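Worksheet for the structure shown next.
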Amino acid sequence: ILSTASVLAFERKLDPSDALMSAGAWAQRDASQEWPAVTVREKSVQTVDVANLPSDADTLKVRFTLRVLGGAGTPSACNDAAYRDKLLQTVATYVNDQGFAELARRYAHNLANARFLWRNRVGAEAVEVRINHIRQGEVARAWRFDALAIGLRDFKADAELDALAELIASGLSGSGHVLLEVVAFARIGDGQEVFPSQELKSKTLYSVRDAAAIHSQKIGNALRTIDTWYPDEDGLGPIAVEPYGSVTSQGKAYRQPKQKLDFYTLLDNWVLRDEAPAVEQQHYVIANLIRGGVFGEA
Amino acid sequence: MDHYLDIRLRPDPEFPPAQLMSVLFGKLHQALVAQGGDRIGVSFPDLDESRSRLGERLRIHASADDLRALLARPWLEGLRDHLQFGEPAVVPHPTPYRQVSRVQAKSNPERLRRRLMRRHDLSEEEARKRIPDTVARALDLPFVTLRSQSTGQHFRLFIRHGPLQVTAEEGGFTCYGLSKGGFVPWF
């Protein structure tokens, strides 16, 4: 009968790091290893945490590292070994039929346009994202993008973006170790307010060691904002790959289970009864498997 | 002022429309102080007076050449994936006119107390006897949340749409695109 397993805990592929934000001046981004860190300072209005650049600095250097792991369909916990073998066979026919070439191109786009710069991008004058492949320590291959010419809405082809997509593809297929250092320089203005992530004296800001930082899961949600295959009305662009694919800002849950387009019903149709969906929805399913999570009933 | 350009906010998974509207308002302010003059005004065609919302449209009223100047300037750089632009087109007619003015209120009694102490050399107790806490007025108006660049303070810029009027008068506009006498067509 091959029912769905009771536990399915997929590990997270595409591990990002906490995005340390340090400040400095534009036109010296090439010497940006001794830049001062953006410190969270108190302000009494109640007291709130604000985080600004220094008054001689217009460029926010947000830097994180990304580990692209591979082994996208193999769970870390699964009860039914027959279901595990059917799921690995399903993911293997996906990969051999069409490799990680749309997913990795979209992840390379979310690295290219600085969507991990969440609110530090909306009024930024010029964003430049430098992605360095770090193999055996130093640099294996260096990328440099204009994150504003590469849009947030459209996934357009480029020459360097295909090489970055092939790197993330080889990392997701298990064919290599991919570790990427992603450095983005946001021209915001002299002493303009930057927005690190927000902890929980009405407001606290996240800071690792006397330096502001965006959370790693926020960077991961920005990297996963690839889902354009959902039922799209109103002109909403890519949303983040979630089961019951939801936006909390808009309060709407696309890919509802009333339609047959959530990750769970698509997975239970693709694995159990072999009803293979369209190539777009199975891209979405494998993107959920790269996201990780706790799948299965209780 | 017979030309207009609708800047409609795209829906965004990451941002509410009020946040993008305040960012667009600040960018338009920077474009207007870079521009000069007093002949460029704004309006909010999706205004909802019941919930005091500004909607998802911002209509920039100007001449044709001023809009052709502003559509190429770098104030829209970095915003073009949260906006959609029309063309500078002529206005319809007949359209009633209304006033888009900023409304400020004495919403902090302690700032008035500090001004009274600076202007009459009084103490804090004379100030609290003179300016009680029942002077705090809260406006039920739509607003954009702006951060200044000369000072470093974050303020709410309350925009009130005036009563509808058949025929406009001559008048200028502030560099926030609001009215210091000018009127805009409404449609």
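For the structure tokens, the naming scheme is as follows: chains receive sequential letters (A, B, ...) according to their order of presentation, residues are indexed from 1 within each chain, and ligands are indexed from 1 in presentation order.
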
Closest pair table for chain B residues within 10 Å of chain A, only C-alpha atoms, as JSON lines:
```
{"residue": "B:10", "atom": "CA", "partner": "A:235", "partner_atom": "CA", "distance": 6.8}
{"residue": "B:11", "atom": "CA", "partner": "A:236", "partner_atom": "CA", "distance": 5.4}
{"residue": "B:12", "atom": "CA", "partner": "A:236", "partner_atom": "CA", "distance": 6.1}
{"residue": "B:13", "atom": "CA", "partner": "A:247", "partner_atom": "CA", "distance": 5.9}
{"residue": "B:14", "atom": "CA", "partner": "A:249", "partner_atom": "CA", "distance": 6.5}
{"residue": "B:15", "atom": "CA", "partner": "A:249", "partner_atom": "CA", "distance": 6.6}
{"residue": "B:16", "atom": "CA", "partner": "A:249", "partner_atom": "CA", "distance": 6.3}
{"residue": "B:17", "atom": "CA", "partner": "A:250", "partner_atom": "CA", "distance": 9.7}
{"residue": "B:19", "atom": "CA", "partner": "A:119", "partner_atom": "CA", "distance": 9.8}
{"residue": "B:20", "atom": "CA", "partner": "A:122", "partner_atom": "CA", "distance": 7.9}
{"residue": "B:23", "atom": "CA", "partner": "A:123", "partner_atom": "CA", "distance": 6.7}
{"residue": "B:24", "atom": "CA", "partner": "A:123", "partner_atom": "CA", "distance": 8.2}
{"residue": "B:26", "atom": "CA", "partner": "A:123", "partner_atom": "CA", "distance": 9.0}
{"residue": "B:27", "atom": "CA", "partner": "A:123", "partner_atom": "CA", "distance": 7.5}
{"residue": "B:74", "atom": "CA", "partner": "A:125", "partner_atom": "CA", "distance": 7.8}
{"residue": "B:75", "atom": "CA", "partner": "A:125", "partner_atom": "CA", "distance": 8.1}
{"residue": "B:76", "atom": "CA", "partner": "A:123", "partner_atom": "CA", "distance": 8.6}
{"residue": "B:77", "atom": "CA", "partner": "A:125", "partner_atom": "CA", "distance": 6.3}
{"residue": "B:78", "atom": "CA", "partner": "A:124", "partner_atom": "CA", "distance": 5.8}
{"residue": "B:79", "atom": "CA", "partner": "A:122", "partner_atom": "CA", "distance": 6.0}
{"residue": "B:80", "atom": "CA", "partner": "A:151", "partner_atom": "CA", "distance": 8.4}
{"residue": "B:81", "atom": "CA", "partner": "A:152", "partner_atom": "CA", "distance": 6.1}
{"residue": "B:82", "atom": "CA", "partner": "A:122", "partner_atom": "CA", "distance": 8.1}
{"residue": "B:147", "atom": "CA", "partner": "A:193", "partner_atom": "CA", "distance": 8.8}
{"residue": "B:148", "atom": "CA", "partner": "A:192", "partner_atom": "CA", "distance": 9.4}
{"residue": "B:149", "atom": "CA", "partner": "A:192", "partner_atom": "CA", "distance": 8.0}
{"residue": "B:152", "atom": "CA", "partner": "A:192", "partner_atom": "CA", "distance": 8.4}
```

Would you save the residues from that selection as a compact mmCIF listing (two decimals), in the first residue's frame, using N, CA, C and O atoms?
```
# COMPACT_ATOMS: atom_id res chain seq x y z
N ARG B 10 3.70 47.72 -6.15
CA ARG B 10 3.46 46.29 -6.31
C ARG B 10 3.24 45.66 -4.94
O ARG B 10 3.77 46.14 -3.94
N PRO B 11 2.43 44.60 -4.85
CA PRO B 11 2.40 43.83 -3.61
C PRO B 11 3.72 43.11 -3.45
O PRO B 11 4.34 42.67 -4.42
N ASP B 12 4.16 43.00 -2.20
CA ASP B 12 5.48 42.50 -1.95
C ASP B 12 5.36 41.49 -0.82
O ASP B 12 4.63 41.74 0.15
N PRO B 13 6.03 40.34 -0.93
CA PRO B 13 5.95 39.36 0.16
C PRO B 13 6.67 39.81 1.41
O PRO B 13 6.39 39.29 2.50
N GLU B 14 7.59 40.76 1.29
CA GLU B 14 8.49 41.12 2.37
C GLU B 14 8.08 42.39 3.09
O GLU B 14 8.46 42.59 4.25
N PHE B 15 7.31 43.27 2.44
CA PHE B 15 7.04 44.60 2.97
C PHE B 15 5.55 44.91 2.93
O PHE B 15 4.87 44.53 1.96
N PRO B 16 5.01 45.59 3.94
CA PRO B 16 3.66 46.11 3.84
C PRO B 16 3.64 47.32 2.94
O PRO B 16 4.69 47.93 2.68
N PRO B 17 2.47 47.71 2.41
CA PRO B 17 2.45 48.85 1.48
C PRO B 17 2.75 50.19 2.13
O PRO B 17 3.21 51.11 1.45
N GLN B 19 5.06 50.79 4.41
CA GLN B 19 6.51 50.90 4.52
C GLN B 19 7.12 51.32 3.19
O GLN B 19 7.96 52.23 3.14
N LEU B 20 6.69 50.68 2.10
CA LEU B 20 7.16 51.06 0.77
C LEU B 20 6.66 52.44 0.39
O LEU B 20 7.34 53.17 -0.34
N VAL B 23 8.99 54.87 2.13
CA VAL B 23 10.29 54.86 1.45
C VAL B 23 10.20 55.63 0.13
O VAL B 23 11.09 56.44 -0.19
N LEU B 24 9.11 55.44 -0.61
CA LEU B 24 8.91 56.16 -1.86
C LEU B 24 8.69 57.65 -1.61
O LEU B 24 9.13 58.49 -2.40
N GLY B 26 10.04 59.40 0.92
CA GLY B 26 11.34 59.97 1.21
C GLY B 26 12.21 60.10 -0.03
O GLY B 26 12.93 61.10 -0.19
N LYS B 27 12.14 59.12 -0.93
CA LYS B 27 12.89 59.21 -2.18
C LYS B 27 12.37 60.32 -3.07
O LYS B 27 13.16 61.01 -3.73
N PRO B 74 18.00 59.27 -10.46
CA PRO B 74 18.28 58.05 -9.68
C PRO B 74 17.49 57.89 -8.39
O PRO B 74 17.86 57.04 -7.57
N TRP B 75 16.41 58.65 -8.17
CA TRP B 75 15.60 58.42 -6.98
C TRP B 75 14.78 57.15 -7.09
O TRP B 75 14.37 56.58 -6.08
N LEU B 76 14.54 56.68 -8.31
CA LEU B 76 13.83 55.43 -8.51
C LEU B 76 14.77 54.23 -8.61
O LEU B 76 14.29 53.10 -8.77
N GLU B 77 16.08 54.45 -8.53
CA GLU B 77 17.04 53.35 -8.53
C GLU B 77 16.93 52.60 -7.22
O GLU B 77 16.95 53.20 -6.14
N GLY B 78 16.82 51.28 -7.30
CA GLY B 78 16.60 50.46 -6.13
C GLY B 78 15.15 50.28 -5.76
O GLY B 78 14.85 49.43 -4.92
N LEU B 79 14.24 51.04 -6.37
CA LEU B 79 12.82 50.94 -6.09
C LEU B 79 12.03 50.29 -7.22
O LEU B 79 10.85 49.99 -7.03
N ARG B 80 12.66 50.02 -8.36
CA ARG B 80 11.91 49.66 -9.56
C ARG B 80 11.36 48.23 -9.50
O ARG B 80 10.58 47.83 -10.36
N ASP B 81 11.76 47.46 -8.48
CA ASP B 81 11.15 46.15 -8.31
C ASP B 81 10.09 46.14 -7.22
O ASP B 81 9.56 45.07 -6.90
N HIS B 82 9.78 47.29 -6.63
CA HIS B 82 8.62 47.44 -5.77
C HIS B 82 7.59 48.39 -6.34
O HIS B 82 6.55 48.63 -5.71
N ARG B 147 12.18 59.56 8.15
CA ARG B 147 13.36 59.84 8.94
C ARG B 147 14.08 61.01 8.29
O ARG B 147 14.31 61.00 7.08
N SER B 148 14.41 62.02 9.08
CA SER B 148 15.05 63.20 8.53
C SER B 148 16.53 62.95 8.29
O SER B 148 17.11 61.98 8.80
N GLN B 149 17.14 63.82 7.49
CA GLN B 149 18.55 63.68 7.15
C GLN B 149 19.41 64.76 7.77
O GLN B 149 20.60 64.54 8.03
N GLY B 152 18.50 63.47 13.03
CA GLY B 152 18.36 62.04 12.94
C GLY B 152 17.07 61.48 13.49
O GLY B 152 17.06 60.35 13.97
```

Discussion item. DSSP on the backbone: which residues in segment 142-284 of chain A end up as helix (DSSP H, G or I)? Give the answer as an MDAnalysis selection string.
Written reply: chainID A and resid 159:172 216:223 263:270 279:284

Would you save the residues from that selection as a short mmCIF file (atom, residue, chain, number, x, y, z; two decimals), in the first residue's frame, using C-alpha atoms?
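Output below, filename selection_18.cif:
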```cif
data_model
loop_
_atom_site.label_atom_id
_atom_site.label_comp_id
_atom_site.auth_asym_id
_atom_site.auth_seq_id
_atom_site.Cartn_x
_atom_site.Cartn_y
_atom_site.Cartn_z
CA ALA A 159 26.95 34.71 -18.07
CA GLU A 160 28.34 34.63 -14.53
CA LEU A 161 25.00 33.53 -13.08
CA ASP A 162 25.12 30.26 -15.01
CA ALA A 163 28.56 29.51 -13.57
CA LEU A 164 27.28 30.29 -10.08
CA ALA A 165 24.21 28.14 -10.77
CA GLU A 166 26.46 25.28 -11.88
CA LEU A 167 28.46 25.64 -8.67
CA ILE A 168 25.33 25.50 -6.48
CA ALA A 169 24.12 22.64 -8.72
CA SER A 170 27.28 20.60 -8.11
CA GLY A 171 26.96 21.36 -4.41
CA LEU A 172 23.32 20.26 -4.27
CA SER A 216 20.55 33.20 9.59
CA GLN A 217 16.96 32.07 8.99
CA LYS A 218 16.16 35.50 7.55
CA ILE A 219 18.97 35.04 5.02
CA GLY A 220 17.62 31.56 4.35
CA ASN A 221 14.12 32.89 3.75
CA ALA A 222 15.57 35.42 1.34
CA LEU A 223 17.51 32.71 -0.48
CA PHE A 263 3.79 20.53 -0.81
CA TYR A 264 2.16 17.74 1.19
CA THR A 265 -0.46 16.64 -1.33
CA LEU A 266 2.02 17.03 -4.19
CA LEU A 267 4.50 14.83 -2.31
CA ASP A 268 1.87 12.23 -1.41
CA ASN A 269 0.83 12.13 -5.06
CA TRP A 270 4.39 12.02 -6.42
CA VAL A 279 7.82 20.11 -13.65
CA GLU A 280 7.19 23.43 -11.89
CA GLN A 281 5.41 21.89 -8.91
CA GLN A 282 8.04 19.19 -8.58
CA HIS A 283 10.70 21.92 -8.61
CA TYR A 284 8.71 23.39 -5.72
#
```

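Rounded to one decimal, atom CA of residue 41 of chain A and atom CA of residue 136 of chain B lie 28.8 Å from each other.
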
Neighbour list for residue 287 of chain A as a compact mmCIF listing (two decimals) with C-alpha atoms, in the first residue's frame, cut-off 8 Å, only C-alpha atoms, skip fewer than 2 positions in-chain:
```
# COMPACT_ATOMS: atom_id res chain seq x y z
CA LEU A 103 16.40 25.62 -8.32
CA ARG A 224 14.41 30.51 -0.74
CA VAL A 241 9.17 27.99 -0.60
CA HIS A 283 10.70 21.92 -8.61
CA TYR A 284 8.71 23.39 -5.72
CA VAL A 285 8.60 20.02 -3.92
CA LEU A 289 13.13 19.17 0.53
CA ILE A 290 16.13 21.51 0.31
CA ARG A 291 14.39 23.76 2.86
```

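Closest to residue 179 of chain A among A:294, A:92, A:69, A:205 is A:69, based on only C-alpha atoms.
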
Item to complete: List every residue of segment 91-180 of chain B that DSSP, applied to the backbone of this structure, places in strand (DSSP E), and write the result as a PyMOL selection string.
Response: chain B and resi 97-98+100-102+143-147+154-161

Saved selection, atoms kept: C-alpha atoms, as a short mmCIF file (atom, residue, chain, number, x, y, z; two decimals), in the first residue's frame:
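Below is the file result-v9.cif, written as the result:
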```
data_model
loop_
_atom_site.label_atom_id
_atom_site.label_comp_id
_atom_site.auth_asym_id
_atom_site.auth_seq_id
_atom_site.Cartn_x
_atom_site.Cartn_y
_atom_site.Cartn_z
CA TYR B 97 -9.72 69.61 -6.96
CA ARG B 98 -8.68 69.10 -3.36
CA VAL B 100 -3.13 67.72 0.11
CA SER B 101 -1.74 69.43 3.20
CA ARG B 102 0.40 68.30 6.09
CA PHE B 143 0.61 59.24 7.35
CA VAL B 144 4.02 58.28 6.06
CA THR B 145 6.80 57.45 8.52
CA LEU B 146 9.85 59.49 7.58
CA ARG B 147 13.36 59.84 8.94
CA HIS B 154 11.91 59.62 12.95
CA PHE B 155 8.63 61.45 12.48
CA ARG B 156 5.18 60.72 11.11
CA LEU B 157 4.12 63.01 8.27
CA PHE B 158 0.33 63.24 8.49
CA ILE B 159 -1.35 63.89 5.14
CA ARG B 160 -4.92 65.18 5.16
CA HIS B 161 -6.93 65.37 1.95
#
```

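For residue 63 of chain B, the residues within 7 Å (counting only C-alpha atoms, excluding itself and residues fewer than 6 positions away along the chain) are residues 1, 2 and 3 of chain B.
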
Convert the current residue selection to file output with C-alpha atoms, as a PDB file, in the first residue's frame.
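selection_25.pdb written:
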```
ATOM      1  CA  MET B   1      -0.328  71.267 -13.795  1.00  0.00           C
ATOM      2  CA  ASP B   2      -2.175  69.119 -16.334  1.00  0.00           C
ATOM      3  CA  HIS B   3       0.082  66.041 -16.254  1.00  0.00           C
TER       4      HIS B   3
END
```

Fill in: Atomic separation - atom CA of residue 47 of chain B relative to atom CA of residue 139 of chain B, Å
16.4 Å

Discussion item. Env of residue 231 of chain A: 10 Å cut, atoms = only C-alpha atoms, seq-sep filter 3 positions within chain, self excluded. Answer as a ChimeraX atom specification.
Written reply: /A:228,254-256,259,261

Please produce a file of the residues just selected, as an mmCIF file, in the first residue's frame, where the atoms kept are C-alpha atoms.
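The resulting selection.cif:
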```
data_model
loop_
_atom_site.group_PDB
_atom_site.id
_atom_site.type_symbol
_atom_site.label_atom_id
_atom_site.label_comp_id
_atom_site.auth_asym_id
_atom_site.auth_seq_id
_atom_site.Cartn_x
_atom_site.Cartn_y
_atom_site.Cartn_z
ATOM 1 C CA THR A 228 6.922 31.601 -8.856
ATOM 2 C CA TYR A 254 -1.175 30.435 -1.274
ATOM 3 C CA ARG A 255 -0.977 26.738 -2.193
ATOM 4 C CA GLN A 256 -3.896 25.944 0.061
ATOM 5 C CA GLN A 259 -6.508 23.255 -4.222
ATOM 6 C CA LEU A 261 -0.931 22.544 -4.876
#
```
